[PDB]
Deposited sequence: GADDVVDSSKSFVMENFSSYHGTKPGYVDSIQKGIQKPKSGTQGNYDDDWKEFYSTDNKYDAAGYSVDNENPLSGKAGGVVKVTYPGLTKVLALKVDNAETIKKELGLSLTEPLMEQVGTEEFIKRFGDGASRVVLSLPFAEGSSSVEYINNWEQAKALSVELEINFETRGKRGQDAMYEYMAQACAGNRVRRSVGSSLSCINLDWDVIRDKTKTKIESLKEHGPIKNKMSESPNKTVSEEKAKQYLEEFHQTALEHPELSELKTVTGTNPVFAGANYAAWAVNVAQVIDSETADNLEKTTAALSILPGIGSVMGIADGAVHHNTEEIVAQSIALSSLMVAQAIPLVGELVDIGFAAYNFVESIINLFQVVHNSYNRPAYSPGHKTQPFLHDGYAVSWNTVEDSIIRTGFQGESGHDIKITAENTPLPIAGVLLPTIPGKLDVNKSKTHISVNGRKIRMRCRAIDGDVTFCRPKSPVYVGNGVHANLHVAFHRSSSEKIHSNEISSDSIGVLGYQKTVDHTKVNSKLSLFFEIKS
């Protein structure tokens, strides 16, 4: 009875999976799997993320990854739910005994093993992940042979560099040499601290608790002065245009750090990371904005970190409780946060306006209602409807209309089924072709969205031809929802679609 996905289940000889292991168990675990649940994964880089010292999960040492292999035949049973009660129930299992202890018995292995020596349960690893998680019964797991994939400690590297440089292999991609960056950062911090112009600005410092608005002003001056050093010249150029990367934001960052780091915290890397990790504005130092990692060479990353460090040094006497943190634990900790965020951007992910990820802009939030909505099926005659959610954060903002791609016969707008519903008020639309690759639909009643007022734009397409829409044929890959008017232009809210079938 179906809590079990047949199509993703199978039997396999020498079935292997991966298990991330904490420091102090790497050698130990190779001697065999001892305790039901023992977890493994088909993805060794995801395995790696489980290797960090449990006493210091944010910043601790990473242990390693092992490959575990069942000799003989192994049944991998893929499940559609992770609800043990449903599972115990739709498989005629005993609803009293645990699930995993049951999958280890011969009775269960007989009925679901298909001839295999044990069953291993399979689940989706995580939302937004295509990896797989295996749940193994402890008894059956004593059969596994264990082999070393990598020990991060034998690597001899600082912080969690070995773990992150490993994961970064998944994408062959931000693949930085953190050893190079560490040394360059150290060098630049030292060089900065000697510079005549900078030592001077420093002496212009009130060197005592001042108001936040004042410390910021000084730090903006320090930043401007420091950014003229030859060692930060590349950084001067790359931070030159984007508002996120401006001195004011470095200043706000330094001030913020100074405010939260006490002595107890300063003196411990785990506690320092915990405290830094919850601050806003880190994107300014990382050079991360608009969905891209701009600071993506060792040289530029090290410059930004050096600058930030000198600035945290300045802000401490100004707003800090600290009577060297800036050059020690602050550097070590921020390096960790760079690596966490870089790893995120390295992972396959849907961009705003793709699938059901919201597109967030000018106060609006819009999204395809479901994944299927974001798909425009082709190669048949007939209708399809596509729902887009629209709201705004606070005050009422208008929706002027919507730009829809068109192809004669293959994709026309159905003028009478296309509409926009505002808190249930159905508002028909007036659509007129422009380009002939684009139709513009305006609502026949004013549309506003805001806190408490949401809309569902329902796009209806009609296909007179059975011919498939081809690769180089669609003028755009997005639908353009137009917000308020602001040369006069409209706030542009994009939902990206895919042509399938």
| field | Deposited residues without C-alpha coordinates, grouped into stretches that follow sequence order | value | 1 to 2, 38 to 50, 188 to 200, 352 to 353, 517 to 520
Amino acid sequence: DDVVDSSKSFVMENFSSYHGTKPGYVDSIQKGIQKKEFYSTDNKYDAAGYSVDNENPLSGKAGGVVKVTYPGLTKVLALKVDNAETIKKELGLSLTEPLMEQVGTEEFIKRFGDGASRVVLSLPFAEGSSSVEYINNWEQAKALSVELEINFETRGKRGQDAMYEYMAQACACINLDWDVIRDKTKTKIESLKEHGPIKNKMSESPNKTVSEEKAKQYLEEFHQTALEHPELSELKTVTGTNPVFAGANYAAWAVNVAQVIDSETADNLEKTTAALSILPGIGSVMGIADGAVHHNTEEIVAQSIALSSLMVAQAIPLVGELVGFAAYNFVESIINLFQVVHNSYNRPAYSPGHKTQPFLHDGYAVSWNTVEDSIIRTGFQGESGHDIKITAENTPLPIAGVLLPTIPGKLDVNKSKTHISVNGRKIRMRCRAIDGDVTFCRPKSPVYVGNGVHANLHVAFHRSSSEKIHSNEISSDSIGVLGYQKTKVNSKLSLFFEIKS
From here on, numbers count along this sequence of modelled residues.
| Mean C-alpha temperature factor, higher of 409 to 417 and 427 to 435 | 427 to 435
| note | The stretch carrying the higher mean Cα B factor in the deposited entry, 61 to 69 or 25 to 33, is 25 to 33
| query | From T239, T154, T265, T185, can you pick the one with the highest C-alpha B factor in the entry? | reply | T154
| field | Maximum C-alpha temperature factor, selected from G196, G382, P358, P398 | value | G196
| Comparing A168 with the other modelled residues of its chain, is its CA B-factor in the lowest, middle or highest third? | lowest
| Ranked C-alpha temperature factor of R347 among modelled chain residues, by third | middle
| query | Lowest, middle or highest third of the chain for the C-alpha temperature factor of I305? | reply | middle
| Compared with the other modelled residues in the chain, in which third is the CA B-factor of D46? | lowest
| remark: The third of the chain into which the C-alpha temperature factor of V371 falls is the lowest
